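S.K.: Below is the structure I would like to discuss, written out as structure tokens.
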Amino acid sequence: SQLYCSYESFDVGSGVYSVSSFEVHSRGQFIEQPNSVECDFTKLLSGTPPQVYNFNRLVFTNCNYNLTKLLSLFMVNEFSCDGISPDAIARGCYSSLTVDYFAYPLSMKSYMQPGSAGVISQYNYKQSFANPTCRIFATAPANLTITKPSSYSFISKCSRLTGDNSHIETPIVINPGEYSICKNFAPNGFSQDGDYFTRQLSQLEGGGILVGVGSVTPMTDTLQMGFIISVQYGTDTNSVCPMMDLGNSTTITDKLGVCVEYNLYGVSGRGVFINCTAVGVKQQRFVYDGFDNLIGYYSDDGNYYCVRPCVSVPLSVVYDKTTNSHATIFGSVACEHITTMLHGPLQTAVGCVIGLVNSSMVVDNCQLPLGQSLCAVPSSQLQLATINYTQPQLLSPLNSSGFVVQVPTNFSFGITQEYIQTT
Amino acid sequence: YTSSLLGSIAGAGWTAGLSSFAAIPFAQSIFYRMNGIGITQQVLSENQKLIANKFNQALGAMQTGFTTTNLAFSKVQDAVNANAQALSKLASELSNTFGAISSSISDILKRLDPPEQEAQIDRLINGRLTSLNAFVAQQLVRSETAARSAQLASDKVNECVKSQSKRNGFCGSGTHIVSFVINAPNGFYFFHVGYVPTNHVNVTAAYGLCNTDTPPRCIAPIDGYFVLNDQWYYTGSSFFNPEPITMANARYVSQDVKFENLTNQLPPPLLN
Amino acid sequence: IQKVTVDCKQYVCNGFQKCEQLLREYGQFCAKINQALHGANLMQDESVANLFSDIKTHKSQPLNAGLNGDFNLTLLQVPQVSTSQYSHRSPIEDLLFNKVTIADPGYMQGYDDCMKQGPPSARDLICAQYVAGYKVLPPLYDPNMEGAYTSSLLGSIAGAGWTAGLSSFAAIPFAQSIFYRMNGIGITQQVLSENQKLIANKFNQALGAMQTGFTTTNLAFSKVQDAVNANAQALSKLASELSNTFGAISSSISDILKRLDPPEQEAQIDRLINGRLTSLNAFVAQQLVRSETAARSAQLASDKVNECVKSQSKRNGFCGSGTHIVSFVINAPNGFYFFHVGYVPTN
Amino acid sequence: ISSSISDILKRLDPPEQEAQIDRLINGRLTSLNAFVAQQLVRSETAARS
Amino acid sequence: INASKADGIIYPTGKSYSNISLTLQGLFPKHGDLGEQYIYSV
Ligand SMILES: *[C@@H]1O[C@H](CO[C@@H]2O[C@@H](C)[C@@H](O)[C@@H](O)[C@@H]2O)[C@@H](O[C@@H]2O[C@H](CO)[C@@H](O)[C@H](O)[C@H]2NC(C)=O)[C@H](O)[C@H]1NC(C)=O
Ligand SMILES: *[C@@H]1O[C@H](CO)[C@@H](O[C@@H]2O[C@H](CO)[C@@H](O)[C@H](O)[C@H]2NC(C)=O)[C@H](O)[C@H]1NC(C)=O
Ligand SMILES: *[C@@H]1O[C@H](CO)[C@@H](O[C@@H]2O[C@H](CO)[C@@H](O)[C@H](O)[C@H]2NC(C)=O)[C@H](O)[C@H]1NC(C)=O
Ligand SMILES: *[C@@H]1O[C@H](CO)[C@@H](O)[C@H](O)[C@H]1NC(C)=O
Ligand SMILES: *[C@@H]1O[C@H](CO)[C@@H](O)[C@H](O)[C@H]1NC(C)=O
Ligand SMILES: *[C@@H]1O[C@H](CO)[C@@H](O)[C@H](O)[C@H]1NC(C)=O
Ligand SMILES: *[C@@H]1O[C@H](CO)[C@@H](O)[C@H](O)[C@H]1NC(C)=O
């Protein structure tokens, strides 16, 4: 029936066709998760947030965190993510999580968009897009431990004065995810608007006069914060996982050789696990190929498991339109796999076949060749027959002086037809 | 062009070029062709009507050979299907969305407004331009294949239709006698008529005959076999008919140790 | 060529339900790929079957176990009792097959072996067929049947050298057949009688030299390696293009489904679908070119058998360099390997 | 927006400039693949001619 | 730095490879770099 659908017709010519292998099923789970520490957010939750140009950075590596508590405390006004989504952050593991948090008014959120020509991008913060990142603007809890700053301040100018004496001016712009050297003028925030700060740069710093101007905006009724969040994958042996209820750790010992889903220290997927001689460096928990695929694993059991991809048995259908019967060729798989692990069969050189009957026939011409000198001959079941090799006639040499020949006595005219394409 | 190849005249057969033109009737050309494959004129003169009856049976049989089981007739359909599949690919690629919201430009204009509709239209443009480039590359390869197959078509007509090839396998199996070509869809259709032996007789042969004289004069057959039927006889390669050894079928050769030393009932070439 | 077919649903989507839902729009294009590859493999089966119909020997003669008269043909002869698996494989054919690295597809137990194989092996490209989705198909004839057709050519009897056509079968022994072929090039029977054993020594030393002529510097053996590599590089392109991101965040549908949500994840999968469907079209397009090229070359193989193996050629350059005396043929990976024997004067 | 990377780098900022450049990378690699396949057939045709 | 003895080579952070030759982007020293020599009195 799948052959009819593939050809989209009830009338299909007799032949041997390749159909889709049936869907493979997972047969268990292989979970190995440690009881890792809780990610320390006590700096973000207990303290006064800094300014945009003096942002704090948190990197979490080998810990679990409760994202529900963090999201309950804050009230997100707008988030813009590229490369990843917040739900994916909420339901998956990653090698690292970097959170750059700072105080930021919601009115200026337009000045943090990619491509802005304003002063925030040049002198205060520029988001890096080398990793899957999201930018989040929210509101802090009203009466919790987060204390509002005096005001919101940002750097409006950061230039270098190097000319005949000072006339030539050159602005100093920050690379993505980096601080401005004008931050050290007022590292705890600018006191008033238009504060003018001047420092003499040393020779090792290039020389000149560094000029910085700060801009201050009044504090709002509720504290408004901005977060720049980035994650990494495949760069660590341990993962940062939100406290999702994955379940208890399981042992692959009882399910070796079957295809199961796995969650191994934050790395997820499906595949087959086989006992293997230890290769690679044990300290690095995973062994990869050139194409960045997981091919080996080291377990708490102490063994090294080869992670073969989850596969399915190839299928082929033999169809004979006139007799209206079919057989199934399971290629390259012995009948023991089909007979005992299916979720009568006959073993042939092309695989295991259900439908044919071994009558031990030999046929000179058969139009359904299975391969390896095997073909199906219709009979009401198709029968497995072998293509015949007609033995050449043998003419023994003559023992006398001369030689023996076979000359024709009767003949016919045989018309051989040939077609040559020309256009 | 093709129907004129049937009555064409190119030479006497034993001639060695295309310069001459001999108006030998079609009947007498076949018998000379059959005499070139190893049948003596005595068999032809005796089985004159037998050959024609066999030939007419072969010509009537090719009427029923136009079936999918035949290899040559299948190649005709494969060429028509190759042409048809070329047009099918062009039609199918306009049902391709290439990732757009639709495969129809009308749907994109109906469903979307600029600047988003330009991006969706440009998605179809790049896909269809890429599809045509793949179509052009395939057509060029097919055109060269047909061009080089047309060269073989000119080769086949010159060697099989306008002459009698001595090459085994080429111009059909068996032994080539005459080939007829007719117009076919997107090419030509040939009919390689061959001499197919049906029954055999095992007969003792001799590599050659020599006489016990000084120096020993020895002969070898021209295009047949020395054959026993104590006397030796000449037979054709393609048909059995013992005939006397004479200058018409005996060719002088140098002395060899594998030839028969004859002392009685010598052939006329070895006499005197 | 190696017969390859793909599962378009599996190759594009890798068993993911979300991807297959999107692939329903491109359902027509998946079906055509399966039909173009299937149609291009029936041509291979018809080509192989028609080839061995032309190579077929109607009548043959017995040959001695090795020394035929004074000529030695042990390298070209199938043994009476064979320790090896292949019943109709010649010793020189063993050396050719022992000098070429071919990965065993495992036509009947390959799927089980790939599951058993923990450490990577040379069949990694073969075992990738159950992962990516393509399927290497078995050839029409097994090696034993192929060897039977070529072995029957050594003892093939046709009409005599002077005879017209192929309507008669003369039982001339191998030695006397070689001497006739040398007599047709300008060597008198007086010379052949006097230098009879010298010719046999010359012929035997030529046959023994090709036992060590299978080197990468040789042109003929270089071609047999390129044929195997061309088959291997066709499977490598199938597997490697499954790691092409096509502008998406990842080349694996799992990672897209783990980092993105609709409508963005469906767009990313659409990039892989379009890229993989176009890659399959290129793979199909070049497979047709290769199959037709091998089909036309399969025609040339039968032409050389009927002009070099079954008969002495009066051509120049055809059937090898020099003046043609005899030519033998053995089965080689994806084709034939002829040994054209010529007459090369030295003084 | 343009066939030249120079115009893409002058007119856009990340992450948009990477997506536009990725359009050219995929297009030119696919074009290079077509050039290889076309050249292979021409090479084989001239090798048998 | 010889780099044929794998001098100053940082391993991948969280992956391992077995019996393969790979190309990697990373912070690596230059071949033949003499560097800067420092001597301590000990
Ligand atoms: C699973 O892991 C290893 C198997 O390693 C084997 O190493 C070779 C000997 C070869 O047989 C490979 O195919 C395998 O990958 C086993 O660990 C050792 O097992 C032996 C015998 O049981 C024991 O003497 C050692 O002390 C074990 N060493 C360690 C470090 O555990 C292990 O027993 C296997 N478990 C099975 C097969 O159930
Ligand atoms: C005919 O050729 C074969 C093949 O070269 C010769 O057999 C070889 O004999 C010696 C020792 O047995 C070695 O060169 C090889 O081991 C043999 N090769 C085989 C068995 O394939 C054989 O000796 C030759 N015959 C004569 C009479 O010299
Ligand atoms: C870089 O390393 C290679 C290999 O480690 C060095 O080559 C070795 O040189 C010594 C001589 O001091 C020989 O004894 C070894 O046999 C060589 N090993 C080889 C060739 O594999 C090479 O000299 C080093 N380059 C330097 C030191 O500049
Ligand atoms: C996470 O926090 C919520 C609310 O504070 C709580 O209900 C839940 O039990 C916490 N989960 C863990 C694992 O502590
Ligand atoms: C069919 O049965 C016969 C009976 O002995 C057996 O020899 C043969 O191997 C069987 N065929 C196959 C394909 O197993
Ligand atoms: C014929 O005679 C010659 C010379 O006596 C001899 O060498 C040869 O073997 C003889 N052949 C036959 C067939 O008698
Ligand atoms: C390592 O790879 C080579 C191929 O370069 C292979 O021959 C060898 O068997 C492999 N060794 C192991 C232990 O896998």
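If you're wondering about the labels, chains in the structure tokens are A, B, ... by order shown, residues count from 1 in each chain, ligands from 1 in order shown.
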Distance limit 8 Å, atoms considered: only C-alpha atoms. Which chain C residues sit that close to chain B? Return them as an NGL selection string.

M.R.: :C and (26 or 54 or 159 or 162-168 or 188-190 or 267 or 270-271 or 274 or 285 or 303 or 306-307)

S.K.: How would you report the residues lying within 10 Å of ligand 6, as an NGL selection string, if you count only C-alpha atoms and all ligand atoms?

M.R.: (:A and (400-402)) or (:B and (206-212 or 216 or 255-262))

S.K.: Within 10 Å of residue 5 in chain B, counting only C-alpha atoms, which residues qualify if same-chain residues fewer than 3 places away don't, as a PyMOL selection string?

M.R.: chain B and resi 1-2+8-9+157+161-162+180-182

S.K.: Residues as selected, N, CA, C and O atoms, written as a PDB file, in the first residue's frame, can you do that?

M.R.:
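Final output, saved to result18.pdb:
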```pdb
ATOM      1  N   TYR B   1      14.874   9.811 -46.903  1.00  0.00           N
ATOM      2  CA  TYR B   1      16.255   9.359 -46.776  1.00  0.00           C
ATOM      3  C   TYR B   1      16.318   7.881 -46.421  1.00  0.00           C
ATOM      4  O   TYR B   1      17.088   7.120 -47.017  1.00  0.00           O
ATOM      5  N   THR B   2      15.512   7.457 -45.447  1.00  0.00           N
ATOM      6  CA  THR B   2      15.603   6.088 -44.955  1.00  0.00           C
ATOM      7  C   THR B   2      15.041   5.092 -45.961  1.00  0.00           C
ATOM      8  O   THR B   2      15.649   4.046 -46.210  1.00  0.00           O
ATOM      9  N   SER B   8      19.346   1.012 -52.555  1.00  0.00           N
ATOM     10  CA  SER B   8      20.661   1.564 -52.836  1.00  0.00           C
ATOM     11  C   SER B   8      21.591   0.498 -53.402  1.00  0.00           C
ATOM     12  O   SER B   8      21.521  -0.678 -53.039  1.00  0.00           O
ATOM     13  N   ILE B   9      22.467   0.927 -54.306  1.00  0.00           N
ATOM     14  CA  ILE B   9      23.513   0.078 -54.860  1.00  0.00           C
ATOM     15  C   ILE B   9      24.856   0.744 -54.600  1.00  0.00           C
ATOM     16  O   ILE B   9      25.014   1.952 -54.810  1.00  0.00           O
ATOM     17  N   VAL B 157      24.572   2.554 -40.303  1.00  0.00           N
ATOM     18  CA  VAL B 157      24.002   2.489 -41.644  1.00  0.00           C
ATOM     19  C   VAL B 157      25.076   2.151 -42.671  1.00  0.00           C
ATOM     20  O   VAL B 157      24.858   1.329 -43.569  1.00  0.00           O
ATOM     21  N   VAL B 161      23.861  -1.448 -43.055  1.00  0.00           N
ATOM     22  CA  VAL B 161      22.805  -1.314 -44.056  1.00  0.00           C
ATOM     23  C   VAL B 161      23.381  -1.306 -45.467  1.00  0.00           C
ATOM     24  O   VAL B 161      22.868  -1.988 -46.361  1.00  0.00           O
ATOM     25  N   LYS B 162      24.453  -0.553 -45.692  1.00  0.00           N
ATOM     26  CA  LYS B 162      25.030  -0.412 -47.021  1.00  0.00           C
ATOM     27  C   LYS B 162      26.109  -1.443 -47.328  1.00  0.00           C
ATOM     28  O   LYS B 162      26.699  -1.389 -48.412  1.00  0.00           O
ATOM     29  N   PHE B 180      18.255  -3.849 -42.275  1.00  0.00           N
ATOM     30  CA  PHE B 180      17.303  -2.841 -42.713  1.00  0.00           C
ATOM     31  C   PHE B 180      17.048  -1.861 -41.578  1.00  0.00           C
ATOM     32  O   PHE B 180      16.914  -2.264 -40.419  1.00  0.00           O
ATOM     33  N   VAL B 181      16.979  -0.577 -41.913  1.00  0.00           N
ATOM     34  CA  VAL B 181      16.753   0.481 -40.937  1.00  0.00           C
ATOM     35  C   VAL B 181      15.506   1.253 -41.336  1.00  0.00           C
ATOM     36  O   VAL B 181      15.250   1.468 -42.526  1.00  0.00           O
ATOM     37  N   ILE B 182      14.705   1.634 -40.339  1.00  0.00           N
ATOM     38  CA  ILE B 182      13.497   2.418 -40.553  1.00  0.00           C
ATOM     39  C   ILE B 182      13.467   3.554 -39.541  1.00  0.00           C
ATOM     40  O   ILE B 182      14.126   3.510 -38.501  1.00  0.00           O
TER      41      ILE B 182
END
```

S.K.: Residues contacting ligand 7 - anything with an atom at most 7 Å away, using only C-alpha atoms and all ligand atoms - can you give me those as a list in words?

M.R.: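 Final answer, ordered by chain and number: residues 119 and 120 of chain C; 19 of chain E.
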
S.K.: Env of range 200-215 of chain C: 8 Å cut, atoms = only C-alpha atoms, seq-sep filter 4 positions within chain, self excluded. Answer as an MDAnalysis selection string.

M.R.: chainID C and resid 70:72 75 92 95:96 99 196 221:222

S.K.: Apply DSSP to the backbone of this structure and, from range 31-210 of chain B, keep only the residues in strand (DSSP E or B); write these as a PyMOL selection string.

M.R.: chain B and resi 175-184+187-206+209-210
